[PDB]
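As structure tokens, the structure follows; a few thoughts come after it.
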Amino acid sequence: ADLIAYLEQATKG
Amino acid sequence: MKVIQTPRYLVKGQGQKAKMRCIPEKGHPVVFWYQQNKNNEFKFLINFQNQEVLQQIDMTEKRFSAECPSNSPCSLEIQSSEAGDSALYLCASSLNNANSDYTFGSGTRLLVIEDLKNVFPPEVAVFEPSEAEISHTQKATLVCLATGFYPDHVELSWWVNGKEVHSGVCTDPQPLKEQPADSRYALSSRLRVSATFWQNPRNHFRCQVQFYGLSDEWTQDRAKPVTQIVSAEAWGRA
Amino acid sequence: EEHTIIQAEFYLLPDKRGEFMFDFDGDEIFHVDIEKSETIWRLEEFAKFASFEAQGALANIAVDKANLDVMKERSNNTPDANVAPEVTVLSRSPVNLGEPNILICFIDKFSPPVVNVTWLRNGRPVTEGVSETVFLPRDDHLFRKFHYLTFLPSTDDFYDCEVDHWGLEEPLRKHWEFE
Amino acid sequence: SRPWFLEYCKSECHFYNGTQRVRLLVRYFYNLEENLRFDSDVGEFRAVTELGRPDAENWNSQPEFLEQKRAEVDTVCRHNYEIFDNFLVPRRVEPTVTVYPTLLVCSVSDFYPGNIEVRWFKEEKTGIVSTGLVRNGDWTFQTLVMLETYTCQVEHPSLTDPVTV
Amino acid sequence: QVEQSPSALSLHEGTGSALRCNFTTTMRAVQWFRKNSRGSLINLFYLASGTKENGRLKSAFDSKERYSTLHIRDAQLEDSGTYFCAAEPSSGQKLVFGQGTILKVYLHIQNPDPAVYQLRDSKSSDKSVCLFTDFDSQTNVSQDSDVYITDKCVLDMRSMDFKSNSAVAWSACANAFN
Ligand SMILES: *[C@@H]1O[C@H](CO)[C@@H](O)[C@H](O)[C@H]1NC(C)=O
Ligand SMILES: *[C@H]1O[C@H](CO)[C@@H](O)[C@H](O)[C@H]1NC(C)=O
């Protein structure tokens, strides 16, 4: 049960 | 309820899957599958309580597939049948896993051949009682003859006036071979009644033979030798 | 070995609904139920092979919500036309009378990602043996969704999948019979 | 009709030969139209439309961000592949084949992956119509291959030897 | 007088047999009837000579030979019922019948699944009966004291191409059907 990686949502403005 | 197993008989060519069904007594969660060969040697195969497996061997794990789905008959399926799977598959049920008081069902007589090419239904003929016997003993004996069937998966019953009968009946212990040199088989049974009863035209005699064959895929000129009933009749003459 | 993993996420107004799901070669791996804040695996057997911290999903969403307000102000709130879905119904396997089966209602090529689906057996809504999938991503900018119905095939029952969306004039209804 | 506002983002990991050649593609869509991309092969943000320009301006001027972004091919894409390669990539579900006349029909259902070959039989390249590959949405596919009028053969990665009628 | 044979008959679905009437004199013509559960005498045939086919049934008659026959093929549940034959002697105007043949068509249970359920009364949870069901044609049922156990009977859910047997008892459901 390894942990899955994901992209953090970038900030706009 | 009493452990119910179907089909009572079964036949499959090498490589084919052979599935078997089993219904346990009413309220019996624990389920057993054993295997008995012609040498009367038993072998535990697998064990279930409800859905979950309690134990199994290394063969059943690789070659067999077993389930006990909720609200559904437990099943046991071979994935690639071999001539060595030919055996009697007994399924039992128990009320309590801590209790060994097992009740076995009828079972499934599985046979595995090279090809389903030699599967032939039986030809059934009834033979009327001899005038000789009727005068000499005042009893009438009918004889039924199932012949040319293969394999030896048959169920023979006598029916009189729309009812099955057992009194005055006896069936050959085992089907013999028409030619001991594989073979096509033959089986016979006797029903005996009082001459009077026989002489009554209001009486109807019928020898009914259940045959267990294919279901399935058939590729040959003749009709598909499916599981069927072959029957013969005879009438009370005076 | 040619494959494609897709992290799909979004936030929608004014419905105030977001989504976070992963996609492998076109099939959902999992998504995150924001309300309960936990990972929901498409198939149960997956849980053994992996794990995902749902917190990160909610985090992303919050940022999505943020960005959305940024995008609204940047386009003067300029609205856009809605895209009506294409509904289709079909069994999962061949249909045999008395042999349990599954009806699959397939909503496709639509946006925004918000619809109401109603299963109908003989004209009456079904709330038993009904499943659904979250809005799945397509190659393009449009969405995709599945609805499932457990049923016993009979000649007496007839089914309808009713799909309501802001791109349609009236609720859409695809029919299905054993005939 | 009714106005709607959607902020939609797809972060795509592409694998051409497993971990051999990996490509990251971040896609940003406003409403129904995409406006911004980040292609790992370009290494920089690129607006797809007028609307995506402001972001590209802002983010591309963030050196450490672009830096972290370029790395995500490995820190995210690769990382995930080695995980999924254990259960998702090598997933095999054996198809169920059935032949019946409505026009003969070959029903190939409940199988994964979607790579599959269904042939009618000598083989017949004429009078063949199929529904095409159909995704069930539960990691299983199905298809109907029908012959206008016999043998149906099926080959699939989950089958060492082909399946017939 | 008319000697009809046999007295009774049990046929599994899709099986076939034959009935026979023998006459003690010249008959003008012969008729075959079937009395269905609802005791109505359905007219199957009339013939004064030769043979006639009416679906799965076909009858033949021979006045000189003083006999008649009825053949069933591909039996169906709907065939169950007591069959009679009737004829007028050319001597008078009155009709004569046979003793009749009680026909019963046994159904083929594909997937047996016996089980005994208990059912509550829809008006009061006070009353309840026992339903033994989904067994195969082989099985039989017997009758103690204030314990009633109906005979068996088969119903047909056509929409699902399904058919099942059943029996009821009333007076615990575990001991009811021993
Ligand atoms: C694809 O990857 C495998 C293993 O990484 C490698 O052995 C093979 O050469 C690659 N194929 C191509 C097209 O280069
Ligand atoms: C879907 O149904 C809900 C509740 O019935 C309703 O509030 C909403 O407007 C519907 N969405 C549409 C019309 O697409």
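Chain labels A, B, ... are given in the sequence in which chains occur in the structure tokens; within each chain residues are numbered consecutively from 1, and ligands are likewise numbered from 1 in the order shown.
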Output the contact residues of chain C with respect to chain E at a cut-off of 9 Å, based on only C-alpha atoms, as a PyMOL selection string. chain C and resi 96-99+152-157
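DSSP on the backbone gives helix (DSSP H, G or I) for these parts of chain C: residues 44, 45, 46, 47, 48, 54, 55, 56, 57, 58, 59, 60, 61, 62, 63, 64, 65, 66, 67, 68, 69, 70, 71, 72, 73 and 74 of chain C.
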Within 6 Å of ligand 2, counting only C-alpha atoms and all ligand atoms: which residues, as a PyMOL selection string? chain C and resi 115-116+164-166
File of the preceding selection, N, CA and C atoms, as a PDB file, in the first residue's frame:
```pdb
ATOM      1  N   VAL C 115     -25.376  16.478 -13.647  1.00  0.00           N
ATOM      2  CA  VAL C 115     -26.611  15.937 -14.212  1.00  0.00           C
ATOM      3  C   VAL C 115     -27.420  15.179 -13.164  1.00  0.00           C
ATOM      4  N   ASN C 116     -28.686  14.918 -13.472  1.00  0.00           N
ATOM      5  CA  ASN C 116     -29.509  14.062 -12.628  1.00  0.00           C
ATOM      6  C   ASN C 116     -29.982  12.852 -13.422  1.00  0.00           C
ATOM      7  N   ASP C 164     -31.204  14.222 -16.961  1.00  0.00           N
ATOM      8  CA  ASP C 164     -31.511  15.648 -16.989  1.00  0.00           C
ATOM      9  C   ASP C 164     -30.228  16.486 -16.931  1.00  0.00           C
ATOM     10  N   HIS C 165     -30.098  17.425 -17.864  1.00  0.00           N
ATOM     11  CA  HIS C 165     -28.914  18.271 -17.966  1.00  0.00           C
ATOM     12  C   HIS C 165     -29.304  19.648 -18.498  1.00  0.00           C
ATOM     13  N   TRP C 166     -28.501  20.667 -18.191  1.00  0.00           N
ATOM     14  CA  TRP C 166     -28.819  22.040 -18.594  1.00  0.00           C
ATOM     15  C   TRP C 166     -28.602  22.309 -20.083  1.00  0.00           C
TER      16      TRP C 166
END
```
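Note that the spacing between atom CA of residue 157 of chain B and atom CA of residue 208 of chain B amounts to 5.3 Å.
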Contacts to ligand 1 at 9 Å cut-off (only C-alpha atoms and all ligand atoms) as a PyMOL selection string: (chain C and resi 1) or (chain D and resi 16-21)
Find the spatial neighbours of residue 42 of chain D, counting only C-alpha atoms, within a cut-off of 12 Å - ignore same-chain residues fewer than 5 positions away - and output them as JSON, numbers by chain. {"D": [23, 24, 25, 26, 37, 60, 66, 69, 70]}
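Residue neighbourhood of residue 4 of chain A, excluding near-sequence residues (fewer than 6 positions): residues 5, 7, 22, 29, 30, 39, 47, 49, 50, 51, 52, 53, 54, 56 and 57 of chain C; 75, 76, 77, 78, 79, 80, 81, 82, 83 and 84 of chain D, at 12 Å, using only C-alpha atoms.
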Rows by chain and residue number, chain E within 8 Å of chain B, shortest pair, only C-alpha atoms, as a tab-separated table:
```
residue	atom	partner	partner_atom	distance
E:4	CA	B:202	CA	7.2
E:5	CA	B:202	CA	5.0
E:6	CA	B:202	CA	4.7
E:7	CA	B:202	CA	5.4
E:8	CA	B:161	CA	4.5
E:9	CA	B:162	CA	3.8
E:10	CA	B:162	CA	4.2
E:11	CA	B:162	CA	7.8
E:103	CA	B:162	CA	7.7
E:104	CA	B:162	CA	7.5
E:113	CA	B:23	CA	7.4
E:114	CA	B:1	CA	7.2
E:115	CA	B:1	CA	7.0
```
Which residues come within 8 Å of residue 64 of chain C, counting only C-alpha atoms, excluding same-chain residues fewer than 3 positions away, as number ranges by chain? A: 9; C: 10-11, 60-61, 67-68; D: 7
